């Protein structure tokens, strides 16, 4: 296997309570792994609850962990960090979080859409936190200039975290042309980069017309015009072109390159989607690693048997150069679940999926040596990093 899946899945809490849906359904994690604890924890994750049929619960939420497995809500935090929208006309989606070393703060992004045709379109929005508990607009951010001034005291390391206290990073008049924003600070060029998938005003059925665009920003707040990436995905094992759906990017210092796990597909839409790996020296020009999928749906009846969904990763360096560990928090869905018994996070059959649970949404984990993973992807039993 390119990655070894851990049995069961990880317990993320979801705030919603809805009789027609099983509890604690979640998707689209984004994990930050730090060298030293930030507000008590080395691992921080943003994620969204989600269920079939209604998207109103799909609101950025935060947890933290000492091990990347057992997640908790930090004391004093109340999820979600961005409120439930006032009606089903709107929904949130696609959270991604970065640690800003210069400000010692986390920056959590997400996508907000007006789903109504001929509506106002969508935005990528942003909440920042100093303390891990309060997520919003820094008190030293000036909304008139869009400058985040560095705090000069501990008392200036605060935010406003009310319902309206977010920054609009990007706006578009189309609904679905900035899906799954993923952000990295490029410490060579000294610029923030955001990649997103442009599905126009169409979305899930746009299919092979989809393409990834990148944008640049000096601060992570105000962004330039998009340009298309090149070579993002290649051919699968049948020689069929893959299209992007959702993605996560990291710069990996040990490999001297950007690395992306892409949730992608070869047919008309992301049903049955898989993960593929793709790399780049510059963030612009990519090359898929091999033809084989990094991760695929499990066997019929497993919690990940319909599709692999957006996934987040950390390359954990080893004691020698080029010999790290790929740690992957993957979301996925199980098909055909209405009224069916499904697994709990320990892999035991204790959860009754409900009437309107057409599918079940969960977050799990997979891992491998980077070298072993590359050997599988490349069909090269002797691959080692250069």
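Positions refer to the first chain, counted from 1.
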query: Entry-level comparison of average CA B-factors, 211 to 219 and 117 to 125, reporting the higher stretch; finding: 117 to 125
query: Stretch exceeding the other in mean C-alpha B-factor - 359 to 367, 8 to 16; finding: 8 to 16
query: Peak C-alpha temperature factor (PDB record), options 231, 239, 244, 181; finding: 239
query: Modelled-residue ranking by C-alpha temperature factor, third containing residue 191; finding: lowest
query: Residue 98 CA temperature factor, ranked by third within the chain; finding: middle
query: Third of chain Cα B-factors occupied by residue 49; finding: lowest
query: Chain third (lowest, middle, highest) by recorded CA B-factor, residue given as residue 110; finding: lowest
query: Residue 314 - which third its CA temperature factor falls in, relative to the rest of the chain; finding: middle
